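J.: The structure that follows is given in the form of structure tokens.
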Amino acid sequence: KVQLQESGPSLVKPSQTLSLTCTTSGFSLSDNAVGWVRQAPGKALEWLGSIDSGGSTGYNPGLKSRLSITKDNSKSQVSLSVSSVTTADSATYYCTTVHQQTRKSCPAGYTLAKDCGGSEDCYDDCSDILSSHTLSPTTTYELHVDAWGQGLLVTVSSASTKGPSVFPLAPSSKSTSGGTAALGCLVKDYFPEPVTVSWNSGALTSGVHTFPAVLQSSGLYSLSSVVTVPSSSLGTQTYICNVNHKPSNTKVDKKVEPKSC
Amino acid sequence: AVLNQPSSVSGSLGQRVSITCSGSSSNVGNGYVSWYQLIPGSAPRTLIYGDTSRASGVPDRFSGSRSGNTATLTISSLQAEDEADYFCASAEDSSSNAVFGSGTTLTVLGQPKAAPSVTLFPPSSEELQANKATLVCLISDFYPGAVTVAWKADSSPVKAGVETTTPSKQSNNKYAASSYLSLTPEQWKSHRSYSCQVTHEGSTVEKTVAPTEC
């Protein structure tokens with residue numbers, strides 16, 4: 001039941017501050033570390049930073065000057081701010097739970113000073129403490145992401161948001177494959193990404209495929225979603241495509257009705 | 001800062017593939033490497049942590065190992081669903097500082113070939129009443145995922161106004177693609193027919209629509 005929900009703006013102008021929030025459930029926020037990871041389009045995963053159970057934060061060294069991470073245990077929320085954003089900061093941003101642990105081990109004979117009542121150094125003879133052989137402990141760092149959030153796509157652009165226009169792709173005799181028929185919806189001219197599509201409020205999942213968007217020369221995106229249904233059901237069963245465009249807080253339901261031919 | 005992974009690795013169905021992850025003494029060599037699987041259109045999934053420990057729900061055909069500054073993710077009994085991007089990671093000089101690999105795309109060869117099924121939608125009545133016209137050509141259920149799409153007006157090629165998406169995987173491990181032809185409603189009613197022509201593995205499927213036809 002460990003769930004992580006990123007929230008924040010989908011579009012931000014250059015030089016502005018990107019502020020994201022992560023709402024958590026299924027685990028105690030005050031006893032687990034939460035981290036932010038991002039992935040720019042076509043690039044590799046990039047660590048941003050984390051905050052642990054004690055409230056202490058660690059950041060990516062190359063980006064530390066632009067990053068701020070805070071949390072509120074009583075609200076089950078963790079925040080992330082990125083200052084002076086540019087096009088290079090366009091990415092999917094992930095909230096995560098992270099295992100974090102530093103181990104300091106000493107060889108045989110040498111004892112860690114934190115054990116024997118340079119607290120993080122080894123000592124051969126704790127009785128000497130002054131004439132004792134001392135070394136540096138073998139330090140290993142453990143970090144892995146446990147759970148991943150669904151991610152929030154953030155586009156850095158000076159262009160303006162635009163809600164989508166949804167048009168039916170109605171089946172006909174030129175759209176059937178015998179017992180099955182294809183129908184869909186064309187989601188045209190929206191900005192920015194992403195758009196998700198479901199069918200009959202999610203009650204229809206088999207045969208569904210939502211195609212990746214295409215970038216027109218106008219700067220707007222378009223995509224299509226298709227579903228295969230029995231051809232005999234076109235007269236009776238009604239089919240509705242549910243379009244979700246969070247950047248503009250738009251939801252569109254479009255009934256796809258069959259053509260006469 | 002960025003661990004070194006091969007850009008792409010290939011294997012056949014049922015066979016074995018190893019993905020390498022090379023770093024330095026301050027990350028991979030420090031000895032606690034993790035592995036993550038990214039399927040297109042899905043959140044990342046943790047597969048391996050602590051070099052060899054397997055996360056719950058991960059099949060035992062995923063296995064991790066490490067030798068010095070190089071870690072390896074081995075995938076055996078290779079299945080079509082394994083096609084994804086794979087990233088390694090480890091801490092670097094702090095348990096709150098992570099570095100990731102450059103990523104590896106896994107392709108699973110030896111899957112059943114399939115010719116594409118093409119569906120061409122004419123501009124809808126609603127879009128026409130908005131003084132716009134888009135022809136939508138949907139291509140589905142083909143393998144391998146490499147098609148070429150061409151458009152015709154009556155019988156001459158059409159180059160302008162065409163946008164085509166790169167083929168991506170469906171839920172049944174077959175590939176799908178889409179292509180669009182944007183026209184004015186006048187151009188739509190001008191010619192006698194429009195065609196979407198898809199070439200795939202020495203096969204060509206062409207669908208035609210006509211403004212005079214329903």
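As shown in the structure tokens, the chain order sets the letters A, B, ...; within each chain, residues go from 1, and ligands are also counted from 1 in the order they appear.
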List every residue of chain A that has an atom at most 8 Å from any atom of chain B, and for each one report the closest atom pair and its distance in Å to one decimal, counting only C-alpha atoms, with rows sorted by chain and then by increasing residue number, as a tab-separated table.
T.:
```
residue	atom	partner	partner_atom	distance
A:43	CA	B:102	CA	7.8
A:44	CA	B:102	CA	5.4
A:45	CA	B:100	CA	6.1
A:46	CA	B:100	CA	6.7
A:47	CA	B:98	CA	5.8
A:49	CA	B:97	CA	6.9
A:50	CA	B:96	CA	6.3
A:57	CA	B:96	CA	7.6
A:58	CA	B:96	CA	5.1
A:59	CA	B:97	CA	6.4
A:60	CA	B:97	CA	6.1
A:100	CA	B:95	CA	5.2
A:101	CA	B:95	CA	5.6
A:102	CA	B:95	CA	5.8
A:140	CA	B:30	CA	5.8
A:141	CA	B:95	CA	4.9
A:142	CA	B:95	CA	5.6
A:143	CA	B:91	CA	5.4
A:144	CA	B:34	CA	6.0
A:145	CA	B:46	CA	6.9
A:146	CA	B:46	CA	6.6
A:147	CA	B:46	CA	7.4
A:148	CA	B:44	CA	6.3
A:149	CA	B:43	CA	6.7
A:150	CA	B:43	CA	5.1
A:151	CA	B:43	CA	6.9
A:167	CA	B:127	CA	6.6
A:168	CA	B:124	CA	6.6
A:169	CA	B:121	CA	6.4
A:170	CA	B:124	CA	7.6
A:172	CA	B:214	CA	8.0
A:174	CA	B:119	CA	7.8
A:175	CA	B:119	CA	6.2
A:182	CA	B:119	CA	7.8
A:209	CA	B:170	CA	6.5
A:211	CA	B:178	CA	7.0
A:212	CA	B:165	CA	6.9
A:213	CA	B:165	CA	7.4
A:214	CA	B:165	CA	6.2
A:215	CA	B:163	CA	7.9
A:216	CA	B:163	CA	7.2
A:259	CA	B:214	CA	7.9
A:260	CA	B:214	CA	7.9
A:261	CA	B:214	CA	6.2
```
J.: Take the residues from that selection and put them in a file with N, CA and C atoms, as a compact mmCIF listing (two decimals), in the first residue's frame.
T.:
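Result file follows (again.txt):
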```txt
# COMPACT_ATOMS: atom_id res chain seq x y z
N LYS A 43 17.27 11.05 -22.00
CA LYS A 43 18.44 11.04 -21.15
C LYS A 43 18.28 9.98 -20.05
N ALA A 44 19.31 9.85 -19.22
CA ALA A 44 19.32 8.86 -18.15
C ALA A 44 18.72 9.44 -16.88
N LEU A 45 18.40 8.54 -15.94
CA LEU A 45 17.89 8.95 -14.65
C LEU A 45 18.90 9.84 -13.93
N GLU A 46 18.39 10.87 -13.26
CA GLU A 46 19.25 11.83 -12.57
C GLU A 46 18.76 12.00 -11.14
N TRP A 47 19.64 11.70 -10.19
CA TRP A 47 19.33 11.91 -8.78
C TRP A 47 19.29 13.39 -8.46
N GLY A 49 17.90 14.51 -4.91
CA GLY A 49 18.22 14.56 -3.50
C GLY A 49 17.18 13.81 -2.69
N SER A 50 17.41 13.79 -1.38
CA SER A 50 16.52 13.09 -0.47
C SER A 50 16.52 13.77 0.89
N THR A 57 19.07 16.34 4.89
CA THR A 57 18.92 16.29 3.44
C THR A 57 20.27 16.11 2.77
N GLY A 58 20.28 15.33 1.71
CA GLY A 58 21.44 15.24 0.83
C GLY A 58 21.02 15.50 -0.59
N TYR A 59 21.89 16.17 -1.34
CA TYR A 59 21.56 16.63 -2.68
C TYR A 59 22.58 16.13 -3.69
N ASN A 60 22.19 16.19 -4.95
CA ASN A 60 23.14 16.01 -6.04
C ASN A 60 24.16 17.14 -5.99
N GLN A 100 18.59 4.10 2.82
CA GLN A 100 19.83 4.83 3.01
C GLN A 100 20.51 4.32 4.27
N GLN A 101 21.79 3.95 4.15
CA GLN A 101 22.52 3.45 5.30
C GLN A 101 24.02 3.56 5.03
N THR A 102 24.75 4.09 6.00
CA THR A 102 26.20 4.15 5.97
C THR A 102 26.76 3.18 6.99
N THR A 140 31.17 1.86 3.69
CA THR A 140 30.36 1.49 2.54
C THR A 140 29.03 2.24 2.61
N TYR A 141 28.57 2.71 1.46
CA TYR A 141 27.35 3.49 1.36
C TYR A 141 26.29 2.69 0.62
N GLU A 142 25.12 2.55 1.25
CA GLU A 142 24.02 1.78 0.70
C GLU A 142 22.88 2.72 0.32
N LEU A 143 22.45 2.65 -0.93
CA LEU A 143 21.34 3.46 -1.41
C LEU A 143 20.65 2.71 -2.54
N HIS A 144 19.33 2.53 -2.41
CA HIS A 144 18.53 2.04 -3.52
C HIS A 144 17.11 2.57 -3.36
N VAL A 145 16.46 2.81 -4.49
CA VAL A 145 15.07 3.23 -4.48
C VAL A 145 14.19 2.02 -4.21
N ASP A 146 13.34 2.12 -3.18
CA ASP A 146 12.42 1.03 -2.88
C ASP A 146 11.17 1.13 -3.76
N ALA A 147 10.37 2.17 -3.57
CA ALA A 147 9.15 2.38 -4.33
C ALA A 147 9.27 3.62 -5.20
N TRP A 148 8.67 3.56 -6.39
CA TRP A 148 8.65 4.68 -7.32
C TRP A 148 7.24 5.22 -7.46
N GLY A 149 7.12 6.55 -7.52
CA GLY A 149 5.86 7.16 -7.89
C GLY A 149 5.64 7.12 -9.40
N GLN A 150 4.42 7.47 -9.81
CA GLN A 150 4.08 7.42 -11.23
C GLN A 150 4.81 8.48 -12.04
N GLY A 151 5.30 9.53 -11.39
CA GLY A 151 6.03 10.58 -12.09
C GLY A 151 5.14 11.70 -12.57
N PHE A 167 -12.04 14.31 -31.24
CA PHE A 167 -12.91 13.96 -32.34
C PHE A 167 -13.06 12.44 -32.44
N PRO A 168 -14.25 11.95 -32.79
CA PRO A 168 -14.44 10.50 -32.87
C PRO A 168 -13.81 9.92 -34.12
N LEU A 169 -13.33 8.69 -33.99
CA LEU A 169 -12.89 7.88 -35.12
C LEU A 169 -13.91 6.76 -35.24
N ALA A 170 -14.98 7.03 -35.98
CA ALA A 170 -16.14 6.16 -35.98
C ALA A 170 -15.89 4.94 -36.87
N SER A 172 -16.83 1.90 -39.49
CA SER A 172 -17.72 1.68 -40.62
C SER A 172 -17.44 0.28 -41.17
N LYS A 174 -15.46 -0.17 -43.59
CA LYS A 174 -14.03 -0.11 -43.88
C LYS A 174 -13.18 -0.14 -42.62
N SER A 175 -13.80 -0.28 -41.45
CA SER A 175 -13.09 -0.34 -40.18
C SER A 175 -13.23 -1.68 -39.47
N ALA A 182 -12.64 -1.71 -35.15
CA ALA A 182 -11.81 -0.70 -34.51
C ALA A 182 -12.52 0.64 -34.48
N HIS A 209 -5.25 0.56 -27.16
CA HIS A 209 -3.89 1.04 -27.37
C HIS A 209 -3.95 2.55 -27.58
N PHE A 211 -1.71 5.67 -28.67
CA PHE A 211 -0.48 5.92 -29.40
C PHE A 211 0.29 7.10 -28.81
N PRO A 212 1.61 7.09 -28.92
CA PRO A 212 2.39 8.25 -28.47
C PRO A 212 2.03 9.49 -29.28
N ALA A 213 2.19 10.65 -28.65
CA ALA A 213 1.83 11.89 -29.30
C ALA A 213 2.80 12.22 -30.43
N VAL A 214 2.35 13.11 -31.32
CA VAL A 214 3.20 13.64 -32.37
C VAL A 214 3.25 15.16 -32.22
N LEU A 215 4.40 15.73 -32.55
CA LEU A 215 4.62 17.17 -32.41
C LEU A 215 4.48 17.82 -33.78
N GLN A 216 3.39 18.56 -33.98
CA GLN A 216 3.16 19.26 -35.22
C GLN A 216 4.04 20.51 -35.30
N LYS A 259 -21.05 4.67 -37.91
CA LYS A 259 -21.60 5.28 -39.11
C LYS A 259 -22.62 4.35 -39.76
N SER A 260 -23.40 4.92 -40.68
CA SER A 260 -24.47 4.15 -41.31
C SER A 260 -23.92 3.04 -42.20
N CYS A 261 -22.79 3.29 -42.87
CA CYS A 261 -22.20 2.29 -43.75
C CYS A 261 -21.39 1.26 -42.97
```
J.: Near residue 188 of chain B, within 9 Å and counting only C-alpha atoms, which residues show up once chain neighbours fewer than 5 positions away are dropped, as a PyMOL selection string?
T.: chain B and resi 123+133-134+183+193-194+210-211
J.: What parts of segment 31-102 of chain B does DSSP call strand (DSSP E)? I'd like the answer as a PyMOL selection string.
T.: chain B and resi 33-38+45-49+53-54+62-67+70-75+85-91+98-101
J.: Just checking: using only C-alpha atoms, which residue out of B:51, B:201, B:60, B:83 ends up closest to residue 147 of chain B?
T.: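 For residue 147 of chain B, the nearest of the candidates is B:201.
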J.: So how many Å separate atom CA of residue 38 of chain A and atom CA of residue 63 of chain A, to one decimal?
T.: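 Taking atom CA of residue 38 of chain A and atom CA of residue 63 of chain A, their separation equals 12.3 Å.
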J.: List the spatial neighbours of residue 228 of chain A as a ChimeraX atom specification - criterion: any atom at most 8 Å away, only C-alpha atoms, same-chain residues fewer than 3 positions off excluded.
T.: /A:180-183,206-208
J.: Using only C-alpha atoms, determine which residues lie at most 9 Å from residue 241 of chain A, disregarding the query and same-chain residues fewer than 3 positions distant; provide the list as a ChimeraX atom specification.
T.: /A:168,184-185,197-201,225,252-256
J.: Rank A:153, A:11, A:112, A:22 by their smallest atom-to-atom distance to residue 135 of chain A, using only C-alpha atoms, and report the top residue only.
T.: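 Of A:153, A:11, A:112, A:22, the one nearest residue 135 of chain A is A:112, counting only C-alpha atoms.
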J.: Contacts of residue 21 of chain A at 8 Å or less, counting only C-alpha atoms, minus same-chain residues fewer than 5 places along, as number ranges by chain?
T.: A: 6-8, 77-80
J.: Would you save the residues from that selection as an mmCIF file, in the first residue's frame, using N, CA, C and O atoms?
T.:
```cif
data_model
loop_
_atom_site.group_PDB
_atom_site.id
_atom_site.type_symbol
_atom_site.label_atom_id
_atom_site.label_comp_id
_atom_site.auth_asym_id
_atom_site.auth_seq_id
_atom_site.Cartn_x
_atom_site.Cartn_y
_atom_site.Cartn_z
ATOM 1 N N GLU A 6 2.969 12.568 -6.889
ATOM 2 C CA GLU A 6 3.555 13.866 -7.180
ATOM 3 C C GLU A 6 2.475 14.832 -7.649
ATOM 4 O O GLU A 6 1.579 14.460 -8.412
ATOM 5 N N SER A 7 2.563 16.078 -7.187
ATOM 6 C CA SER A 7 1.670 17.132 -7.643
ATOM 7 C C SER A 7 2.471 18.410 -7.843
ATOM 8 O O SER A 7 3.510 18.617 -7.212
ATOM 9 N N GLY A 8 1.978 19.261 -8.737
ATOM 10 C CA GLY A 8 2.653 20.487 -9.080
ATOM 11 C C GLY A 8 2.299 20.939 -10.481
ATOM 12 O O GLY A 8 1.482 20.319 -11.167
ATOM 13 N N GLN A 77 3.744 14.900 3.565
ATOM 14 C CA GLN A 77 4.118 15.597 2.345
ATOM 15 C C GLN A 77 5.604 15.928 2.344
ATOM 16 O O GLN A 77 6.186 16.249 3.385
ATOM 17 N N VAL A 78 6.206 15.838 1.162
ATOM 18 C CA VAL A 78 7.587 16.230 0.922
ATOM 19 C C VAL A 78 7.594 17.176 -0.268
ATOM 20 O O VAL A 78 6.888 16.947 -1.256
ATOM 21 N N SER A 79 8.380 18.242 -0.175
ATOM 22 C CA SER A 79 8.423 19.259 -1.213
ATOM 23 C C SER A 79 9.760 19.227 -1.942
ATOM 24 O O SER A 79 10.765 18.726 -1.432
ATOM 25 N N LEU A 80 9.750 19.775 -3.154
ATOM 26 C CA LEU A 80 10.950 19.931 -3.964
ATOM 27 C C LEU A 80 10.854 21.241 -4.724
ATOM 28 O O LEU A 80 9.858 21.489 -5.409
#
```
J.: Would you mind reading off the distance between atom CA of residue 25 of chain B and atom CA of residue 68 of chain A, one decimal, in Å?
T.: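 The value is 28.8 Å.
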J.: Can you pull out the residues contacting segment 64-80 of chain B? Cut-off 7 Å, using only C-alpha atoms, and skip same-chain residues under 2 positions away; I want them as number ranges by chain.
T.: B: 12-25, 28-29, 48, 51-52, 61-62, 82-83, 108, 173
J.: Could you tell me which of A:249, A:155, A:84, A:97 comes closest to residue 41 of chain A if we count only C-alpha atoms?
T.: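 Smallest separation from residue 41 of chain A among the options: A:155.
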J.: Please compute the atom CA of residue 118 of chain A-atom CA of residue 54 of chain A distance, one decimal, in Å.
T.: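 Those two atoms sit 22.7 Å apart.
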